[PDB]
Structures are given as structure tokens and as C-alpha cells.
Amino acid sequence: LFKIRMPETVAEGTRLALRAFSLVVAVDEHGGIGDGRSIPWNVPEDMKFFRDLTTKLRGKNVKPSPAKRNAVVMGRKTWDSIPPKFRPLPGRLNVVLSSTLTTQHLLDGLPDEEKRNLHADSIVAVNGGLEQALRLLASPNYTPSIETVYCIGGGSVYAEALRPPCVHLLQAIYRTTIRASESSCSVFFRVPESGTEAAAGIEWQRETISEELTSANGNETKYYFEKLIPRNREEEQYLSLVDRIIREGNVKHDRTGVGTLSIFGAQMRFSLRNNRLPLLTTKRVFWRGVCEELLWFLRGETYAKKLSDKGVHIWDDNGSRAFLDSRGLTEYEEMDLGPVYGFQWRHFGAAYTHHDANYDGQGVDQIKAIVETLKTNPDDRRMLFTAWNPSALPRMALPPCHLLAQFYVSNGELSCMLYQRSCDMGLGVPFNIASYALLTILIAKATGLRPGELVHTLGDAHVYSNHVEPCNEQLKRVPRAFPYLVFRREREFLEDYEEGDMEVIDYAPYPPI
């Protein structure tokens, strides 16, 4: 009615084409991985590392299961190299690439029968390459049930993962180096030199490298582990700005003595193409809160309790009876924030009485109008909305911070720019980037467009003196690949979307600082 009806192109725009994945490999001092039939060395330490890496789930105490586990992709020749007693690999979805062998054909080559019924759901053959597997793994019954997809081998498989379109989906490369006294390899693994067309535009950098370890294989073979990740220039934008703000920002102390380092005016860009979701990796982002709050904004809500009831307490300090009163909002029921954010978005200028009254047709519905223009006249330059209403400011628990957004369209993609007057680089900005990335994504799905990019304009960009110590540490971390957002379900109206309708996959942020 006064809600926004999603078109019939809802799911296509954000349908995941290929699932992201990681790569594991052991290599000798020459890049050798095998002679074509087997691995010419025996370092049990690497075997354990491989077992644990591809088996373990990130969550604490979560044991693999059809509901939640990792998958492993391997060339058919690699499947045959594994002794039948060790097949299929336990706790992981075994995926085999074969133009001939079928799923059951693999189940038959196993010793037991009272076992093949257990592995029925643990093995799958794909008549195609890694790409074909990545597409199969991206479908609904594998995503997000499968937490991480690991390419575990086959010279040809590694080779395919290192060329487009697969390399663009490689989140990390775990490479073990074995200083073997022997050199009997004919199948290798090499990462294209930077700048080369073979590199694709990716620059692999070391996140970690172990000390030189000595194997207990009887030969004291020397080896070491190493982790490579694709340079995330977008997150680097953010780290660079924080660092600049800390090293050259103006120093100020407010009426309480609260210190800040700041600059005025900055801009960042983030891609939202192909399901990409710019959730910073150097410090985990409270995605569940971001999502619940945005949906909350879009519905034009003003009652913070709906948030705190879901475990999202970001608005508690500003919706308390105490804070409301310090604002002169003595008559607002507690947690009633007044005509903030979402209300102005959907009912700009309308008079406010109390949260959750019906406001149909009151004020200007900026979001609805932009939905219409985006669909009929995409070149329009008036497609923006604001929560900055000087007339209503006094009635707000707080004045809007991210206060303006403008949309733009080119090549069938929706782009958005956010204007933020005050930016806490440490605790706010990452949250804000997430919030508006999602907004652009949702608006794109509601207008038959595809997610383009988020442009973030910052006014007062700052770092609180306190946060300086923590931030300097976070700045040492090399950013990781960004995660992806998928929709497990769609809705008839934009206002009916729920946090559970969507899921962030392949998000592997660094631990707390």
C-alpha cells in the first residue's frame, strides 16, 4: 500500500554465480607437487596441518555435519591417489572432478557397504572443472551450509583456480614448502608473477609464514608453512585514512576532555558487484546489528526497543529515560527516539506523536519516490534522500550522523554515495559502510538493477585519542578478502525483509585486538 513492492526480478540481480574458495598445497623447493601419480615426500606435519585446516570450522566447538562443514574439491587423479581406507576425507564434503566417474561410481570403489550409506551425502562428482564445482557449491543446498570451500589439489585444478574466472574468487592460498633432498616432480604449482596478465590484477602478499620446522619423519626434513592473500585495496583505503588521521590530524579536546585526532573531508569507494560485501576484515563488524538496524530504518521505525529486543543495543544509551530527558524529551516513552533517521526517510516533515502510530501519507516518502524514479528515469540527478530536517532536529533523541544519500545508475548498476558529517573511524565508519552497502543492495533488488558501488564521503573524520593504541595495532594487519552477501529468500515488500532472509558468507575477520 504505502509499502514498496519488489519487482519480479528480485533474486536474479543478486544470485550468486560462483562460490568463493581457498587453496591448500604442499610444494618442494622447485614448486613440485607430484610426479603425476603421487607425492614424492612424506611429511606427517603437513598432513596434520592439511587435515585440521580443511576440516575445522571457525565457530567455537562446532563439529562438522551436513548442516555445517567445509567442502574439498579435487581432481579425479587426486581422488585415486588417496588410499581407499582414507576415502572419502572425513568431516568434509568430498567433491571430485571427473568427466567419466559418477557419484555412485566413487561410492563403489570403497571397502565397506555398511559405510557407503553414511558417505552417500558426503561425496559428489562434477562432470566439469573447478568453475563448474564453484557454481554447484554456490547453489542453495550448499550455500551457506558449506562454510569454506578448499581446492585441495590436482595440478590441473590448481591451474584452473589460478586463472580467471576462478582467481577472482580465491580468498587465500595456504602453501607448505618442503625442502626435499629429492627432486622427482613433473607436476607443479606456480603463482603468476605480479603485473603479468597471468596475475589477473591480483597481488598476493604474505599474511603469515612459520619458522623453519623440522619433520619427525626420520629424515629431519625441513619445511615451513605460508599463507598468501589477495591485496584488498578497498580496505587499505580505510587503513590509510585512519593512519593519516592519526599522524597528521588536528588535536582537540571537548568539554569533557575527550581527545580526538581529525581531518575534514575524505572519500572512499567500495565495490558491491558480484555479491561482494565490504565488511572490514582487520576488525570484525557487528553485521547482525547493521542489518537489523537498516531494515529498521527502511520501515521508518523510531522505537529502539525493537532493536534491543533482538540483542542490538547500539541505541540504548541514547534512548534511556535519562538521556531522553537531558534532551527535553520528557514526554517520550523510554526508547522512543523521536522522528529520527528512518522516519524522515519515509515521512520527511510529518508531525511526530509517538513511536508506532500510523503515519500513512504523512510527510514525504523519499525512499518510495527514489524507487519509482530509479525504475523510470535512471539518469535523473535528483535521486537522494535526507534525514537532516532542521525543523525536526529538536524533537530527535539525536541529530542524524549519516544524513544524506544519493543514487546513480550506469550500465544497469546502482551506485550510492553517503554523506556523513561526523565519522568515528574506529567504531562507526566500518558499521556505516556496511549499513549503506546493504541499503544500495536492497534498493537495487527493488528496482531491477544490480549492485554497483558505494561512495563514502566523510566530513569530520576522526580517531579518539583513546583508540589510538588499539588502532596502531590494527594498522599492522594486512587486510583480507571481503565476504559476500546472499539472499536465501525474497519478500513481496521491501519492508518485510528480515535479517534471517540474508547471510554473509566467507567472512574471516581477524581476532580481537
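Just count from 1 along the sequence shown to find any residue number.
For the pair 161-169 and 344-352, the mean Cα B-factor is higher in 161-169. The PDB entry reports B-factors from which the mean C-alpha value can be compared for 491-499 and 5-13; the larger average falls on 5-13. For the set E211, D336, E147, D379, the maximum C-alpha B-factor listed in the entry falls on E211. The maximum CA B-factor among the listed residues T100, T176, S415, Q366, taken from the PDB record, is found at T100. Ranked by Cα temperature factor within the chain, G311 sits in the middle third according to the deposited record. Among the modelled residues of its chain, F189 has a C-alpha B-factor that falls in the highest third according to the deposited record.
Ranked within its chain, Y484 lands in the lowest third, by CA B factor from the PDB record. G259: CA B factor in the middle third of modelled residues in this chain (values from the PDB entry). In the deposited entry, the Cα temperature factor of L228 places it in the middle third of its chain's modelled residues.
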